[PDB]
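Presented below is the structure to which this report refers.
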Amino acid sequence: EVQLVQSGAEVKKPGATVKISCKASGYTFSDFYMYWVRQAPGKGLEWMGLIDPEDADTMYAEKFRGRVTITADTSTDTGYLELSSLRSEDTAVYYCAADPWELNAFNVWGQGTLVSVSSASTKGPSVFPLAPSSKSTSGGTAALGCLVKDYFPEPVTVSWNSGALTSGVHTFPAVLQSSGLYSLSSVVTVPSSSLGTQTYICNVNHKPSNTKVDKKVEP
Amino acid sequence: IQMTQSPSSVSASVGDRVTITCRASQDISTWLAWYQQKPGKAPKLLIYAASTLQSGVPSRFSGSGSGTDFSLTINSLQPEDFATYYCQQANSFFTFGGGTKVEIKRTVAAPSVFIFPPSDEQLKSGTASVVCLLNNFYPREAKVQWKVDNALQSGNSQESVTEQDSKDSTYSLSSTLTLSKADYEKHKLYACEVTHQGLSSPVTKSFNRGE
């Protein structure tokens, strides 16, 4: 019954300001605090602040005091989080949370909102081959893959032979380069005996830019 | 207002009894909560008030402690329990601990190492990315050292590791060394030296440009 629904993913330039919303349903919004938490990719949870919807009284984590503003609209059961002077380090999934049953814990959580901050603009990736060779062969097995380079923002999905190939597939977390663009690799290990007969194609999909790439990888 | 969780990672098997700890820098009575989180999902409340089990959460979960020392215990670990766990001060503030990941235990396995030179395609664009792959190893800790004409490279490579494999519980690691096309063509030997506790000595995989 109770649920928190946040706004969609966002992309911003450094120095800009972002403001996200969280719609509460299933309980009396103004009667309880609303908390905000964030989490950088692969990192831990970090409490940012809280607000009393009724009187707009707020409390912020020491490291965010000055750049963050938490507000709420009891007319629409919606709370908001605004963060200014955005830095690339502010790239993360932001969550809202509530404790409708006063258990003194974050009982209900929104689905989260990804905010990606970079000087780069939405861009599709270039897909390069990671060709199988004597330097990627182990016994009767060979490794091959695709290098999905220079895209923004996350995420990107990769499949092999349209999903027909899943065994031995490893798609790695993307790394954020100093250029402000991401890069990731996807590899698969197969029987080296199949290299001259079986076709291997990695299907890359970067929805943010509507970019799709099918890359055939040969020895 | 400082929450410390150790170990940062713990390995266990289904059926095992697992216990993780959390310590506050100050006395927080029993204002402590525990959460569970899996990749790509929002956290889930497990315990509040240090020992009260959240409604709906399996009784195999329990928590205890007061003051500055706390613990979470999972009696008979189930496959759905492998995840990351966080403690959180609920007293003043709401400081989260750093988290402790519960991973699947298995035997030590050295990585298979492969190296991929840059493609002609990318070189045309003026950049050269060399990729080193460490496949199916355990545990997670591994070290990759890039060397170009025997010069150790530092600051010009990035790496990432997959989540434990679903069938063999191993990890894989991918590292990319990036150089301008000009710098790449100015050197000959490209190598990635790998060290892992499962290897008695470093394993090196390399190629000579124009091999």
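Naming: A, B, ... by sequence-line order, numbering from 1 per chain. Side chains included, hydrogens not; waters and symmetry mates left out as well; all remaining heavy atoms used.
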Heavy-atom check, side chain of [X] versus side chain of [Y], under 4.5 Å:
X	Y	answer
B:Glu121	A:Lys215	yes
A:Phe172	B:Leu133	yes
A:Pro173	B:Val161	no

Practice item. Taking atom types as modelled, find out whether A:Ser185 and B:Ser174 have a side-chain donor-acceptor pair closer than 3.5 angstrom. Key: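 The criterion, which ignores hydrogens and geometry beyond distance, is satisfied for B:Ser174 and A:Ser185.
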Check your understanding: Would you say the side-chain atoms of A:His170 and B:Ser172 include a donor-acceptor pair closer than 3.5 Å?
Key ->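 Yes.
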Name the region of [X], side chain, backbone, both or neither, that has any atom closer than 4.5 Å to a heavy atom of chain B.
X	value
A:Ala131	backbone
A:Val37	side chain
A:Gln39	side chain
A:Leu103	both
A:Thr189	side chain
A:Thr141	neither
A:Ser167	both
A:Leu50	side chain
A:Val169	neither

**Study point:** Parallel, tilted or perpendicular, as decided by the 30° and 60° cut-offs, for the rings of B:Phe94 and A:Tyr35
**Key:**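 Ring orientation, 0 to 90° scale: perpendicular.
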Point to revise | Aromatic ring pairing A:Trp109/B:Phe96, orientation class (parallel under 30°, perpendicular over 60°, tilted between) | key: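 Because their plane-to-plane angle lies in the 30° to 60° range, the rings of A:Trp109 and B:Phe96 count as tilted.
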Is it the backbone or the side chain of [X] that comes under 4.5 Å from a heavy atom of chain A, or both, or neither?
X	value
B:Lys41	backbone
B:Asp165	side chain
B:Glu159	backbone
B:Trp34	neither

Look up atom [atom1] in [X] and atom [atom2] in [Y], then write down how far apart they are to the nearest 0.5 Å.
X	Y	atom1	atom2	result
A:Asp150	B:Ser129	CG	OG	8.0 Å
A:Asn104	B:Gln88	CG	CD	10.5 Å
B:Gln122	A:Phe128	CD	CZ	4.5 Å
B:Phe116	A:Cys146	CZ	SG	10.5 Å
A:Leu147	B:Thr178	CG	OG1	8.0 Å
A:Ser136	B:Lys205	OG	NZ	8.5 Å

Practice item. Please check if the side chain of B:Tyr35 supplies one atom and the backbone of A:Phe106 the other of a donor-acceptor pair under 3.5 Å. Key: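 Flag set: sc B:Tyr35 to bb A:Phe106 pair under 3.5 Å.
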Review point. Sub-3.5 Å donor-acceptor pair from the side chain of A:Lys135 to the main-chain atoms of B:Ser206, do we have one?
Key: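 Confirmed, A:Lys135 side chain pairs with B:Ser206 backbone.
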Exercise for review: Could you tell me which non-hydrogen atom of A:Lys43 sits nearest to which non-hydrogen atom of B:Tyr86, and how far apart they are?
Suggested key: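 Nearest pair, atom of A:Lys43 first, then B:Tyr86: O-OH, 3.6 Å.
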Check your understanding: At their closest point, which heavy atom of A:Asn107 faces which heavy atom of B:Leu45, and how far apart are they?
Key ->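 Shortest heavy-atom separation between A:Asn107 and B:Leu45 comes out as CA-CD2, 4.1 Å.
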Review point. Using a cut-off of under 4.5 Å for heavy-atom pairs, which of B:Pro39, B:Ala33, B:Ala42 has the most such pairs with chain A?
Key: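 It is B:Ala42.
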Practice item. Could you have a look at B:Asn91, B:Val113, B:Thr95, B:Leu173 and say which one has the most heavy-atom pairs with chain A under 4.5 angstrom? Key: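 With the most close heavy-atom pairs to chain A, the winner is B:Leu173.
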Is the [atom1] atom of [X] crowded by more than 12 outside heavy atoms at less than 6.0 Å?
X	atom1	value
B:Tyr184	OH	yes
B:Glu80	CD	yes
B:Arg106	CZ	yes

Practice item. Output the option from A:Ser138, A:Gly112, A:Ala143 having the highest count of non-hydrogen pairs under 4.5 Å with chain B. Key: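 Most heavy-atom pairs within the cutoff with chain B belong to A:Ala143.
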